[PDB]
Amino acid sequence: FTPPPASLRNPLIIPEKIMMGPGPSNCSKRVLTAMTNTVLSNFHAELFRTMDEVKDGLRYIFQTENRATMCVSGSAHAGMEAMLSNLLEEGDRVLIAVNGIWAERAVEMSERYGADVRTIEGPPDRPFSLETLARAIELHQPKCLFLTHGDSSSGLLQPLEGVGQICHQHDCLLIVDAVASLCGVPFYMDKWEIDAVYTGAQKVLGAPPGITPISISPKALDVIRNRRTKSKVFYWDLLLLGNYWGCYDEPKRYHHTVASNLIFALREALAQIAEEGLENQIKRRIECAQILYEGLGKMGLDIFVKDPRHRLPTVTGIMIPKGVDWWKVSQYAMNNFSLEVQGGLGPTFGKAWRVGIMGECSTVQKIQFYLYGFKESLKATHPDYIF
């Protein structure tokens, strides 16, 4: 036996940080400690009980009644992978509206799954219009439309009202990525006639990463039932996964081992948002964004999505002013305040920082602190910047 590594001899030390990037967010002490519960057998009654509480929690936050509501055992990417491998067969047409990094990933996945990918470009800072989409649908007769709802690479919030209805008219499924919007802005899976949605644990909910709530409509469920070939990935085949999640009128069968610890944590995160109520949580985040916009204005700082009406409240791009080294600000923030001041991604790469109003930092005091430590970080770091 070639010797054990020395690096494992020190204890593990992870410092506390104020996670105000657009992910992952701070989880409440209650959510974090729920993770320390006993890992359960796939068929223990108490896991099933907890899994049911989660499905309820998910129906509340997605605002759906979908029986096929469950979690994929993976990060939000795996919700994306799941929607695409379940809903498309080789040669199917999928329409992706691309104006952010996520829609590009979707493009990358659909290609791999052997779908015939149709895209429309858009400015990273301006939503696609109802008509733009409608036109693209008629034009391509797709099986699915994929839309990013809240785009954490830009700060862009894509309106959704009416979009599904159009898709339905052209026999198309609406798939929406709500990873960065859910619990940050109104969302109505059912009213907005949306067929397949996913969020992420570690964004607005303030749950730990590695598990991804999803939901599909009876309509979508049926498209899967009627595939001519098995979907490509067994691990997130939704007939099989849905089965173990008790979404169908079938006895549950072992599929794969779920991450009990992550499921406990997610349950508590949903319990938190239930006790306070969706509406208040969304309100709280809107108000925090307002305070954020004011404080940024007052520093003569620019926001990537210029037009306020288009802004996702939970992620804001702050434009690096002309003279400034963005990374130097962040190091200062981290070292002096333990403040997470996140760089850019895709559209915002090298052009803005990104601030998240998520999880435990969605409070007035938390936004103030951010403003304070951000400013102090800029000031100490670029002494010639003018406010």
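Start at 1 and count along the sequence shown; that's the residue number.
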Inset, instruction - Taking the mean of the C-alpha B-factors per stretch from the entry, tell me the winner out of 298-306 and 176-184. - result: 298-306
Inset, instruction - Give the stretch, out of 161-169 and 252-260, with the larger mean C-alpha temperature factor in the deposited entry. - result: 161-169
Inset, instruction - Could you say which of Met358, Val324, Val355, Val54 has its CA atom at the highest B factor, as listed in the PDB entry? - result: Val324
Legend entry - Among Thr212, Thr316, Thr229, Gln202 - the residue whose C-alpha B-factor is largest in the record: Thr229
Inset, instruction - Could you look up the Cα B-factor of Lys328 in the entry and say which third of the chain it sits in: lowest, middle or highest? - result: highest
Inset, instruction - Using the B-factors in the PDB entry, rank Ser75's C-alpha atom against the chain and give the third, lowest, middle or highest. - result: lowest
Legend entry - For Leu339, the third of its chain into which the C-alpha B factor falls: middle
Inset, instruction - Could you look up the Cα B-factor of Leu12 in the entry and say which third of the chain it sits in: lowest, middle or highest? - result: highest
Inset, instruction - State the tercile, meaning the lowest, middle or highest third, of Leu238 with respect to the CA B-factors recorded for its chain. - result: lowest
